[PDB]
Amino acid sequence: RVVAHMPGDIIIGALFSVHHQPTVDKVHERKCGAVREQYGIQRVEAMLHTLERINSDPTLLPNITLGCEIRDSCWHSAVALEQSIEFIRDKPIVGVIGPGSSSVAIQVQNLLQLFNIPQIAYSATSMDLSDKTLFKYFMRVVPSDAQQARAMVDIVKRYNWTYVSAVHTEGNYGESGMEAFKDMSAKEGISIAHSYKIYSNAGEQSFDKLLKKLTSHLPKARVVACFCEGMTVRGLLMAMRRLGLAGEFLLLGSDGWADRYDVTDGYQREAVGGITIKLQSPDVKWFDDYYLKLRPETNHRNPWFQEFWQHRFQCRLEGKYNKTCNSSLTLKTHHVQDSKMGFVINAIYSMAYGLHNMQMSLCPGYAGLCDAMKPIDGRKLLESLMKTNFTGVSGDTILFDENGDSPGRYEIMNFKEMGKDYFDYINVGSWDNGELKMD
Amino acid sequence: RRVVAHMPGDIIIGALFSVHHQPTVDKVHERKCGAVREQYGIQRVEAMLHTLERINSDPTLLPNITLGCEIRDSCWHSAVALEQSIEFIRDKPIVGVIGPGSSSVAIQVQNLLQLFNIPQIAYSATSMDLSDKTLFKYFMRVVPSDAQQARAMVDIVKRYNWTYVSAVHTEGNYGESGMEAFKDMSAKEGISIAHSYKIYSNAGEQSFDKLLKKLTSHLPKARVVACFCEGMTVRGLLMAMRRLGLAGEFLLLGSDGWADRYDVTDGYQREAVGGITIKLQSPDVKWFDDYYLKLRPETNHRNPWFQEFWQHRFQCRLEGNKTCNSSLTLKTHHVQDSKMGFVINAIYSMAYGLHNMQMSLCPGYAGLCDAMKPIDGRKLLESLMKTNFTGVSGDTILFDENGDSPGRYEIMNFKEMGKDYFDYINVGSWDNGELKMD
Ligand SMILES: *[C@@H]1O[C@H](CO)[C@@H](O)[C@H](O)[C@H]1NC(C)=O
Ligand SMILES: *[C@@H]1O[C@H](CO)[C@@H](O)[C@H](O)[C@H]1NC(C)=O
Ligand SMILES: N[C@@H](CCC(=O)O)C(=O)O
Ligand SMILES: N[C@@H](CCC(=O)O)C(=O)O
Ligand SMILES: [Mg+2]
Ligand SMILES: [Mg+2]
Ligand SMILES: [Mg+2]
């Protein structure tokens, strides 16, 4: 399997979903699907460039250069574990950024903790991961769904819904979030018509059946609480197309969906009215400058880039598509920054600041790695990381609590019709530390 | 480093048994385990060792090939089990794995083993989840999935015309998957569940207290309590019943975690009295006791845990506070592990898979030939998925498409057989849909 290498005195690992998860037919081979941009190439590229900026910043880790080993998770548990094994055999991997998904992160954490390797996630939101007896070497730069689910329960109350349906994605994210939503909503007098679950990669038939099952609760249960992966919502949408059910349901979705266009593209009419929750994360300015200048002929250090470029533009590079890649192709056309970019970048910084701090205490008057950090002791790195206190890429303070969690907040999107045949995500409200505010 | 039981051979098979109890909150992070276990540890270790000896002595099965083993301690814990499982894969190669016992532990081990093409055969992991061959391709078992045990438990509730029961399951894949099967089966059968609860087996005294208090508030409408539970969870409850004195007000309908296990009820019998349990049908293995009971701490070094076990079992110290008398013997208070036959069938399955492979790849030869050097794990899987032989008790062992085996349950009753005497009474049976009591 392909890997992205950056040399250094210290090597940080990372798992990003450079390709989609395998299909039912190629699962056991663990042959992954198509190359991903926002969730893959962009995060890979973020990783490499953040490391450059840190290595160029003399305030942070002076005379030490951070290198990395970036690996493909395919958003899949087998693939991520396989790849995590490559991290632990046995120059060492000091800590790992990612992976994206709660149940995948858990599987990864189960391996890493046996090797005292701190792991810092940027999108794994499940409450389960707050348990430090079970997941001691796991931390994250996002809040847990104790709050997200709370926000979803609060949106239901605000709009005066007492009767809803529930769908969650199979696996720890959906399962655990929906548990929280089911519990909170029962105390607050909200009835759940039925709770359904489905895997994001189920066939059209499974989704069709789920859609028919949801119609049986019409007209009372037209709102569907979806603690769902983006690809589960898309499945629901496409099933609505096949069954001609556009305008029957209002989907209330969690962060798997947020403001993701790949979820709704091609299926806007069936999604319109949708309410989604997004974790507050501003664009990082300096990412686009770097990224939109990248060229397939000279971006060798990212070994998936040529594959991605050819996919994006549907062309062959003069280094199977029916055309050749034009010289004037640029990413600035239709560019959309990954909604979680700031989290990725902040996760990478936590690791660096964790390392820098350790260095200051264990190497008090020395420049670089002194014997006491040769080699780095994971248990002390975790102590250092657990006391994370810094200013983020976007100017917020990033701090960890005793559970390895981080404060955050949410934007509430409505997916609106903005005029004939044109739809978009519109910020309509927010949720922060218990307070819902709508426009 | 962790202690291992070794036996040499041309083909090495791995095994996972809970030789010690799980970490006690909190020796958890250091992964230090607790007290040594007899039925679930030492006896299984011993069955593994002796079964291989018996196979190596049988000339109809793998002639000229010596089967060895690497037997490791799981402590019935996901982290320890995974930790030990890495020792199997780094990198003589381990060809197959027997165990571990618990479903969520077996899941963790299967996720690693599938990556290295190493077949896994379980003796006691019963969760429906494990039937999914897309997630768990390299996993098989010699016991039926809890699809049947759940259905059986529902049928027991109906048999006594109960319409309102409480539910408790052990945190983990076994309890959660089995209770879900039970809830989505009883709701259709018109049975109501007052409240569903859950708990870790290693949860403190304080934790079980809270649970029981909650259960007491569910009374007196729900005295019957469906427990898709590990034995220690059941024990946990009984110990909480003692601390409160709520004994004789609950009826516990337990799954195979409890079954006919004395280590669950020992010391808390009157708290348990009345209880009903489901046990997988597994007859005692005659030859096992013959071999086992003859073992001596001075002469049984191949089992590295045995001296620890001997010393713990008899509360004495061996010569190389009180000194161990030479008269001590296991024949006293001996109880054979209830799932013993399943361990033994699992090993024989591995053995038979290896043998069938050997006949097609090494046709006119006795022994490991070049074409099985090394052993293709994908081919071992192929061969084991065609498992069909006659078991130690005499039944036919056969894997379905999902790598599952057929089985059946006995229904136990825990009751007083006179002033201060209590025992498990075989009160019925369940077999392929049909429940029978008398
Ligand atoms: C770090 O964060 C804490 C909050 O826990 C704050 O009190 C402190 O002022 C911050 N940083 C420094 C450098 O003092
Ligand atoms: C299993 O094998 C025995 C003997 O080889 C044979 O008689 C029997 O029909 C087989 N059964 C199945 C279901 O394969
Ligand atoms: N927060 C989700 C992932 C959502 C996403 O980034 O698409 C999880 O914990 O698995
Ligand atoms: N059947 C339980 C284990 C019960 C036991 O053997 O104690 C499981 O699959 O996890
Ligand atoms: Mg620097
Ligand atoms: Mg032989
Ligand atoms: Mg199976």
# chains A, B, ... in the order shown; residues from 1 in each chain; ligands from 1
>>> residues_near_ligand(ligand="ligand 2", cutoff="10 Å", atoms="only C-alpha atoms and all ligand atoms", output="JSON, numbers by chain")
{"B": [386, 387, 388, 389, 390, 396, 397, 398, 399, 400]}
>>> residues_near_ligand(ligand="ligand 6", cutoff="9 Å", atoms="only C-alpha atoms and all ligand atoms", output="ChimeraX atom specification")
/B:52-67
>>> interface_residues(of="chain A", to="chain B", cutoff="12 Å", atoms="only C-alpha atoms", output="VMD selection string")
chain A and resid 22 to 30 76 to 86 88 to 90 104 106 to 116 132 to 137 195 379
>>> closest_residue(among="B:304, B:261, B:92, B:9", to="residue 73 (chain B)", atoms="only C-alpha atoms")
B:304
>>> residues_near_ligand(ligand="ligand 5", cutoff="8 Å", atoms="only C-alpha atoms and all ligand atoms", output="count of residues only")
14
>>> residues_around(residues="residue 105 (chain B)", least_positions_apart="3", cutoff="9 Å", atoms="only C-alpha atoms", output="short mmCIF file (atom, residue, chain, number, x, y, z; two decimals) with N, CA and C atoms, in the first residue's frame")
data_model
loop_
_atom_site.label_atom_id
_atom_site.label_comp_id
_atom_site.auth_asym_id
_atom_site.auth_seq_id
_atom_site.Cartn_x
_atom_site.Cartn_y
_atom_site.Cartn_z
N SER B 74 -5.50 -14.84 28.13
CA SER B 74 -6.30 -13.72 27.67
C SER B 74 -6.78 -12.85 28.83
N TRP B 76 -9.49 -12.92 29.89
CA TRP B 76 -10.88 -12.59 29.52
C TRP B 76 -11.03 -11.10 29.31
N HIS B 77 -10.02 -10.51 28.68
CA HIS B 77 -9.90 -9.07 28.52
C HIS B 77 -9.48 -8.77 27.09
N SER B 78 -10.16 -7.80 26.46
CA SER B 78 -9.85 -7.38 25.09
C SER B 78 -8.42 -6.90 24.89
N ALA B 79 -7.92 -6.05 25.78
CA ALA B 79 -6.57 -5.51 25.60
C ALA B 79 -5.48 -6.59 25.76
N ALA B 81 -5.82 -9.79 25.50
CA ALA B 81 -6.00 -10.75 24.40
C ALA B 81 -5.38 -10.28 23.09
N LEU B 82 -5.59 -9.00 22.77
CA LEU B 82 -4.99 -8.39 21.59
C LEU B 82 -3.47 -8.32 21.75
N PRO B 100 -10.66 -16.84 21.79
CA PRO B 100 -10.88 -16.85 23.22
C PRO B 100 -12.36 -17.08 23.55
N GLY B 101 -12.72 -16.94 24.83
CA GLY B 101 -14.01 -17.44 25.30
C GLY B 101 -15.16 -16.49 25.06
N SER B 102 -14.87 -15.21 25.25
CA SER B 102 -15.87 -14.16 25.29
C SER B 102 -15.98 -13.54 23.92
N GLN B 108 -12.20 -8.72 19.03
CA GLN B 108 -10.92 -7.99 18.99
C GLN B 108 -9.79 -8.85 18.39
N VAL B 109 -9.80 -10.14 18.72
CA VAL B 109 -8.76 -11.05 18.27
C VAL B 109 -8.94 -11.38 16.78
N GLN B 110 -10.18 -11.52 16.35
CA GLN B 110 -10.50 -11.82 14.96
C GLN B 110 -10.11 -10.68 14.02
N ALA B 125 -17.87 -18.43 22.34
CA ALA B 125 -18.30 -17.13 21.88
C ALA B 125 -19.54 -17.31 21.02
N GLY B 172 -20.69 -5.30 26.72
CA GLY B 172 -19.91 -6.12 25.83
C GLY B 172 -20.79 -6.66 24.72
N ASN B 173 -20.16 -7.25 23.72
CA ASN B 173 -20.88 -7.70 22.54
C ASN B 173 -21.84 -8.87 22.81
#
>>> residues_near_ligand(ligand="ligand 7", cutoff="10 Å", atoms="only C-alpha atoms and all ligand atoms", output="JSON, numbers by chain")
{"B": [120, 121, 122, 125, 126, 127, 128, 129, 130, 131, 132, 133, 136, 137, 138, 139, 140, 141, 142, 143, 144, 145, 385, 399, 400, 401, 402, 403, 404, 405]}
>>> write_last_selection(atoms="C-alpha atoms", output="mmCIF file, in the first residue's frame")
data_model
loop_
_atom_site.group_PDB
_atom_site.id
_atom_site.type_symbol
_atom_site.label_atom_id
_atom_site.label_comp_id
_atom_site.auth_asym_id
_atom_site.auth_seq_id
_atom_site.Cartn_x
_atom_site.Cartn_y
_atom_site.Cartn_z
ATOM 1 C CA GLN B 120 -9.849 -18.790 14.580
ATOM 2 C CA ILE B 121 -12.085 -21.447 16.105
ATOM 3 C CA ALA B 122 -14.072 -20.508 19.234
ATOM 4 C CA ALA B 125 -18.302 -17.128 21.881
ATOM 5 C CA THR B 126 -21.975 -17.150 21.010
ATOM 6 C CA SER B 127 -22.858 -13.679 19.668
ATOM 7 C CA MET B 128 -24.906 -13.437 16.447
ATOM 8 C CA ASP B 129 -22.520 -10.721 15.200
ATOM 9 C CA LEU B 130 -19.849 -13.345 14.648
ATOM 10 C CA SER B 131 -22.027 -15.015 11.997
ATOM 11 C CA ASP B 132 -21.177 -12.202 9.560
ATOM 12 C CA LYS B 133 -18.443 -13.675 7.367
ATOM 13 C CA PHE B 136 -15.243 -12.105 10.503
ATOM 14 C CA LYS B 137 -14.129 -14.267 7.552
ATOM 15 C CA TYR B 138 -11.426 -16.107 9.462
ATOM 16 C CA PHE B 139 -13.681 -17.021 12.427
ATOM 17 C CA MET B 140 -15.590 -20.263 13.099
ATOM 18 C CA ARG B 141 -17.050 -21.833 16.247
ATOM 19 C CA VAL B 142 -18.293 -25.171 17.612
ATOM 20 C CA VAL B 143 -21.328 -23.676 19.428
ATOM 21 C CA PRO B 144 -24.535 -22.173 18.024
ATOM 22 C CA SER B 145 -25.112 -18.401 17.853
ATOM 23 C CA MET B 385 -15.109 -24.409 6.243
ATOM 24 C CA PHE B 399 -19.920 -25.712 10.003
ATOM 25 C CA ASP B 400 -22.647 -23.907 8.050
ATOM 26 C CA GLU B 401 -22.066 -21.164 5.446
ATOM 27 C CA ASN B 402 -21.547 -18.672 8.314
ATOM 28 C CA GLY B 403 -18.973 -20.842 10.117
ATOM 29 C CA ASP B 404 -21.451 -21.720 12.866
ATOM 30 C CA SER B 405 -22.240 -25.087 14.433
#
>>> residues_near_ligand(ligand="ligand 1", cutoff="10 Å", atoms="only C-alpha atoms and all ligand atoms", output="PDB file with N, CA, C and O atoms, in the first residue's frame")
ATOM      1  N   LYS A 387      -2.081  17.872  29.150  1.00  0.00           N
ATOM      2  CA  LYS A 387      -2.032  19.240  29.673  1.00  0.00           C
ATOM      3  C   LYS A 387      -1.895  20.262  28.529  1.00  0.00           C
ATOM      4  O   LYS A 387      -1.079  21.191  28.588  1.00  0.00           O
ATOM      5  N   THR A 388      -2.731  20.080  27.505  1.00  0.00           N
ATOM      6  CA  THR A 388      -2.689  20.850  26.261  1.00  0.00           C
ATOM      7  C   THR A 388      -3.325  22.211  26.463  1.00  0.00           C
ATOM      8  O   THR A 388      -4.507  22.309  26.819  1.00  0.00           O
ATOM      9  N   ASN A 389      -2.527  23.252  26.230  1.00  0.00           N
ATOM     10  CA  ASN A 389      -2.946  24.631  26.406  1.00  0.00           C
ATOM     11  C   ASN A 389      -2.229  25.481  25.366  1.00  0.00           C
ATOM     12  O   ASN A 389      -1.032  25.746  25.500  1.00  0.00           O
ATOM     13  N   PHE A 390      -2.940  25.867  24.308  1.00  0.00           N
ATOM     14  CA  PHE A 390      -2.354  26.713  23.256  1.00  0.00           C
ATOM     15  C   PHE A 390      -3.410  27.494  22.462  1.00  0.00           C
ATOM     16  O   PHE A 390      -4.611  27.276  22.626  1.00  0.00           O
ATOM     17  N   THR A 391      -2.941  28.412  21.619  1.00  0.00           N
ATOM     18  CA  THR A 391      -3.814  29.173  20.730  1.00  0.00           C
ATOM     19  C   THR A 391      -3.862  28.509  19.362  1.00  0.00           C
ATOM     20  O   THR A 391      -2.829  28.330  18.711  1.00  0.00           O
ATOM     21  N   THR A 397      -8.428  29.141  21.894  1.00  0.00           N
ATOM     22  CA  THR A 397      -7.598  28.352  22.798  1.00  0.00           C
ATOM     23  C   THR A 397      -8.036  26.895  22.730  1.00  0.00           C
ATOM     24  O   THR A 397      -9.231  26.586  22.777  1.00  0.00           O
ATOM     25  N   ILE A 398      -7.060  26.006  22.599  1.00  0.00           N
ATOM     26  CA  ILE A 398      -7.323  24.575  22.552  1.00  0.00           C
ATOM     27  C   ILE A 398      -6.790  23.961  23.837  1.00  0.00           C
ATOM     28  O   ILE A 398      -5.585  24.000  24.103  1.00  0.00           O
ATOM     29  N   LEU A 399      -7.704  23.424  24.636  1.00  0.00           N
ATOM     30  CA  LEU A 399      -7.384  22.824  25.925  1.00  0.00           C
ATOM     31  C   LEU A 399      -8.047  21.456  26.019  1.00  0.00           C
ATOM     32  O   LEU A 399      -9.109  21.241  25.432  1.00  0.00           O
ATOM     33  N   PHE A 400      -7.426  20.528  26.742  1.00  0.00           N
ATOM     34  CA  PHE A 400      -8.029  19.208  26.959  1.00  0.00           C
ATOM     35  C   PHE A 400      -8.583  19.085  28.367  1.00  0.00           C
ATOM     36  O   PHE A 400      -8.001  19.615  29.305  1.00  0.00           O
ATOM     37  N   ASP A 401      -9.707  18.387  28.516  1.00  0.00           N
ATOM     38  CA  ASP A 401     -10.204  18.064  29.846  1.00  0.00           C
ATOM     39  C   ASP A 401      -9.652  16.705  30.295  1.00  0.00           C
ATOM     40  O   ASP A 401      -8.952  16.036  29.530  1.00  0.00           O
TER      41      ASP A 401
END
>>> residues_around(residues="region 47-51 of chain B", least_positions_apart="5", cutoff="12 Å", atoms="only C-alpha atoms", output="mmCIF file with C-alpha atoms, in the first residue's frame")
data_model
loop_
_atom_site.group_PDB
_atom_site.id
_atom_site.type_symbol
_atom_site.label_atom_id
_atom_site.label_comp_id
_atom_site.auth_asym_id
_atom_site.auth_seq_id
_atom_site.Cartn_x
_atom_site.Cartn_y
_atom_site.Cartn_z
ATOM 1 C CA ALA B 5 2.680 -22.776 27.662
ATOM 2 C CA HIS B 6 4.787 -24.359 24.923
ATOM 3 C CA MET B 7 4.658 -27.671 23.073
ATOM 4 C CA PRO B 8 6.871 -28.355 20.023
ATOM 5 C CA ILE B 13 -1.493 -23.975 16.918
ATOM 6 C CA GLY B 14 -2.219 -20.968 19.145
ATOM 7 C CA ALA B 15 -4.724 -20.835 21.950
ATOM 8 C CA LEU B 16 -6.249 -18.273 24.232
ATOM 9 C CA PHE B 17 -7.637 -19.189 27.673
ATOM 10 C CA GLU B 38 -9.405 -23.463 37.333
ATOM 11 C CA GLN B 39 -12.269 -24.440 34.987
ATOM 12 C CA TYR B 40 -11.789 -21.490 32.649
ATOM 13 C CA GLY B 41 -7.974 -21.558 32.783
ATOM 14 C CA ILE B 42 -5.882 -24.428 34.071
ATOM 15 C CA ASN B 56 -0.214 -37.145 18.017
ATOM 16 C CA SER B 57 -0.806 -40.704 19.295
ATOM 17 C CA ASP B 58 -3.696 -41.326 16.883
ATOM 18 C CA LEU B 67 1.134 -30.777 16.540
ATOM 19 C CA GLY B 68 2.547 -28.267 18.973
ATOM 20 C CA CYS B 69 1.023 -25.215 20.577
ATOM 21 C CA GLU B 70 1.486 -21.740 21.965
ATOM 22 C CA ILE B 71 -1.018 -21.249 24.770
ATOM 23 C CA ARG B 72 -1.501 -17.696 25.972
ATOM 24 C CA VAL B 97 -6.038 -20.069 16.975
ATOM 25 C CA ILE B 98 -8.318 -21.682 19.504
ATOM 26 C CA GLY B 99 -10.431 -19.262 21.556
ATOM 27 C CA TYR B 123 -15.521 -22.865 21.858
ATOM 28 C CA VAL B 285 -15.320 -35.830 28.535
ATOM 29 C CA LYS B 286 -14.435 -39.113 30.285
ATOM 30 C CA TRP B 287 -10.734 -39.238 29.417
ATOM 31 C CA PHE B 288 -10.109 -35.648 30.491
ATOM 32 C CA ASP B 289 -10.613 -36.369 34.191
ATOM 33 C CA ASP B 290 -8.412 -39.457 33.876
ATOM 34 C CA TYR B 291 -5.511 -37.381 32.637
ATOM 35 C CA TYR B 292 -6.247 -34.251 34.653
ATOM 36 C CA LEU B 293 -6.615 -35.771 38.122
ATOM 37 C CA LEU B 295 -1.315 -34.288 37.500
ATOM 38 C CA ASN B 300 3.908 -30.757 35.693
ATOM 39 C CA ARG B 302 5.015 -27.858 30.901
ATOM 40 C CA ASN B 303 2.058 -25.914 32.312
ATOM 41 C CA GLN B 336 -15.017 -30.375 35.223
ATOM 42 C CA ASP B 337 -15.536 -27.178 33.121
ATOM 43 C CA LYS B 339 -17.769 -26.216 28.059
ATOM 44 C CA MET B 340 -14.914 -28.789 28.087
ATOM 45 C CA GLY B 341 -16.280 -30.789 25.135
ATOM 46 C CA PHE B 342 -16.411 -27.642 23.010
ATOM 47 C CA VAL B 343 -12.746 -26.818 23.664
ATOM 48 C CA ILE B 344 -11.845 -30.340 22.617
ATOM 49 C CA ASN B 345 -13.997 -30.309 19.474
ATOM 50 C CA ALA B 346 -12.501 -26.964 18.470
ATOM 51 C CA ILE B 347 -8.974 -28.404 18.645
ATOM 52 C CA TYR B 348 -10.087 -31.456 16.700
ATOM 53 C CA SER B 349 -11.598 -29.202 14.070
ATOM 54 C CA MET B 350 -8.260 -27.428 13.651
ATOM 55 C CA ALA B 351 -6.559 -30.826 13.525
ATOM 56 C CA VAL B 392 -15.571 -36.340 21.349
#
>>> atom_distance(atom1="CA of residue 71 (chain A)", atom2="CA of residue 119 (chain A)")
14.1 Å
>>> closest_residue(among="A:178, A:156, A:258, A:120", to="ligand 3", atoms="only C-alpha atoms and all ligand atoms")
A:258
>>> residues_near_ligand(ligand="ligand 3", cutoff="6 Å", atoms="only C-alpha atoms and all ligand atoms", output="PyMOL selection string")
chain A and resi 100-102+123-126+173+229-230+255-256
>>> decode(residues="region 274-292 of chain B", atoms="N, CA, C and O atoms", output="PDB file, in the first residue's frame")
ATOM      1  N   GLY B 274     -33.826 -20.317  43.273  1.00  0.00           N
ATOM      2  CA  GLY B 274     -34.999 -20.045  42.442  1.00  0.00           C
ATOM      3  C   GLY B 274     -34.597 -19.810  41.001  1.00  0.00           C
ATOM      4  O   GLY B 274     -35.413 -19.966  40.088  1.00  0.00           O
ATOM      5  N   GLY B 275     -33.330 -19.450  40.802  1.00  0.00           N
ATOM      6  CA  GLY B 275     -32.813 -19.058  39.495  1.00  0.00           C
ATOM      7  C   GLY B 275     -32.948 -20.106  38.406  1.00  0.00           C
ATOM      8  O   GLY B 275     -32.990 -21.302  38.694  1.00  0.00           O
ATOM      9  N   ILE B 276     -33.007 -19.649  37.158  1.00  0.00           N
ATOM     10  CA  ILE B 276     -33.177 -20.510  35.994  1.00  0.00           C
ATOM     11  C   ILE B 276     -32.093 -20.156  34.976  1.00  0.00           C
ATOM     12  O   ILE B 276     -31.862 -18.982  34.683  1.00  0.00           O
ATOM     13  N   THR B 277     -31.400 -21.171  34.464  1.00  0.00           N
ATOM     14  CA  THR B 277     -30.276 -20.917  33.577  1.00  0.00           C
ATOM     15  C   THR B 277     -30.327 -21.776  32.341  1.00  0.00           C
ATOM     16  O   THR B 277     -30.918 -22.854  32.326  1.00  0.00           O
ATOM     17  N   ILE B 278     -29.700 -21.259  31.300  1.00  0.00           N
ATOM     18  CA  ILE B 278     -29.600 -21.951  30.041  1.00  0.00           C
ATOM     19  C   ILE B 278     -28.163 -22.415  29.904  1.00  0.00           C
ATOM     20  O   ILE B 278     -27.230 -21.665  30.156  1.00  0.00           O
ATOM     21  N   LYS B 279     -27.995 -23.681  29.566  1.00  0.00           N
ATOM     22  CA  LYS B 279     -26.673 -24.242  29.403  1.00  0.00           C
ATOM     23  C   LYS B 279     -26.615 -24.884  28.035  1.00  0.00           C
ATOM     24  O   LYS B 279     -27.575 -25.520  27.602  1.00  0.00           O
ATOM     25  N   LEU B 280     -25.491 -24.708  27.353  1.00  0.00           N
ATOM     26  CA  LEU B 280     -25.222 -25.432  26.117  1.00  0.00           C
ATOM     27  C   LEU B 280     -24.973 -26.908  26.424  1.00  0.00           C
ATOM     28  O   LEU B 280     -24.209 -27.231  27.339  1.00  0.00           O
ATOM     29  N   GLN B 281     -25.633 -27.800  25.682  1.00  0.00           N
ATOM     30  CA  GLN B 281     -25.465 -29.233  25.891  1.00  0.00           C
ATOM     31  C   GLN B 281     -24.041 -29.659  25.539  1.00  0.00           C
ATOM     32  O   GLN B 281     -23.629 -29.633  24.376  1.00  0.00           O
ATOM     33  N   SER B 282     -23.298 -30.041  26.573  1.00  0.00           N
ATOM     34  CA  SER B 282     -21.942 -30.541  26.432  1.00  0.00           C
ATOM     35  C   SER B 282     -21.656 -31.613  27.482  1.00  0.00           C
ATOM     36  O   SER B 282     -21.457 -31.297  28.654  1.00  0.00           O
ATOM     37  N   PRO B 283     -21.636 -32.890  27.075  1.00  0.00           N
ATOM     38  CA  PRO B 283     -21.350 -33.925  28.073  1.00  0.00           C
ATOM     39  C   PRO B 283     -19.891 -33.870  28.543  1.00  0.00           C
ATOM     40  O   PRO B 283     -18.994 -33.585  27.731  1.00  0.00           O
ATOM     41  N   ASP B 284     -19.666 -34.132  29.835  1.00  0.00           N
ATOM     42  CA  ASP B 284     -18.318 -34.356  30.359  1.00  0.00           C
ATOM     43  C   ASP B 284     -17.519 -35.269  29.425  1.00  0.00           C
ATOM     44  O   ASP B 284     -18.067 -36.185  28.790  1.00  0.00           O
ATOM     45  N   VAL B 285     -16.224 -35.007  29.333  1.00  0.00           N
ATOM     46  CA  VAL B 285     -15.320 -35.830  28.535  1.00  0.00           C
ATOM     47  C   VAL B 285     -14.612 -36.784  29.478  1.00  0.00           C
ATOM     48  O   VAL B 285     -13.795 -36.346  30.295  1.00  0.00           O
ATOM     49  N   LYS B 286     -14.933 -38.077  29.364  1.00  0.00           N
ATOM     50  CA  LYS B 286     -14.435 -39.113  30.285  1.00  0.00           C
ATOM     51  C   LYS B 286     -12.911 -39.113  30.446  1.00  0.00           C
ATOM     52  O   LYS B 286     -12.403 -39.085  31.571  1.00  0.00           O
ATOM     53  N   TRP B 287     -12.184 -39.134  29.332  1.00  0.00           N
ATOM     54  CA  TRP B 287     -10.734 -39.238  29.417  1.00  0.00           C
ATOM     55  C   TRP B 287     -10.056 -38.007  30.028  1.00  0.00           C
ATOM     56  O   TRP B 287      -8.949 -38.113  30.572  1.00  0.00           O
ATOM     57  N   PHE B 288     -10.722 -36.855  29.968  1.00  0.00           N
ATOM     58  CA  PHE B 288     -10.109 -35.648  30.491  1.00  0.00           C
ATOM     59  C   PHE B 288      -9.806 -35.750  31.973  1.00  0.00           C
ATOM     60  O   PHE B 288      -8.711 -35.377  32.404  1.00  0.00           O
ATOM     61  N   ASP B 289     -10.772 -36.236  32.748  1.00  0.00           N
ATOM     62  CA  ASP B 289     -10.613 -36.369  34.191  1.00  0.00           C
ATOM     63  C   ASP B 289      -9.522 -37.370  34.532  1.00  0.00           C
ATOM     64  O   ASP B 289      -8.788 -37.187  35.503  1.00  0.00           O
ATOM     65  N   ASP B 290      -9.426 -38.420  33.719  1.00  0.00           N
ATOM     66  CA  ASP B 290      -8.412 -39.457  33.876  1.00  0.00           C
ATOM     67  C   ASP B 290      -7.035 -38.831  33.827  1.00  0.00           C
ATOM     68  O   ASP B 290      -6.208 -39.059  34.704  1.00  0.00           O
ATOM     69  N   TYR B 291      -6.800 -38.025  32.799  1.00  0.00           N
ATOM     70  CA  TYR B 291      -5.511 -37.381  32.637  1.00  0.00           C
ATOM     71  C   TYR B 291      -5.328 -36.293  33.691  1.00  0.00           C
ATOM     72  O   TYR B 291      -4.304 -36.243  34.371  1.00  0.00           O
ATOM     73  N   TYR B 292      -6.343 -35.445  33.830  1.00  0.00           N
ATOM     74  CA  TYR B 292      -6.247 -34.251  34.653  1.00  0.00           C
ATOM     75  C   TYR B 292      -5.945 -34.570  36.106  1.00  0.00           C
ATOM     76  O   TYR B 292      -5.050 -33.976  36.695  1.00  0.00           O
TER      77      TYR B 292
END
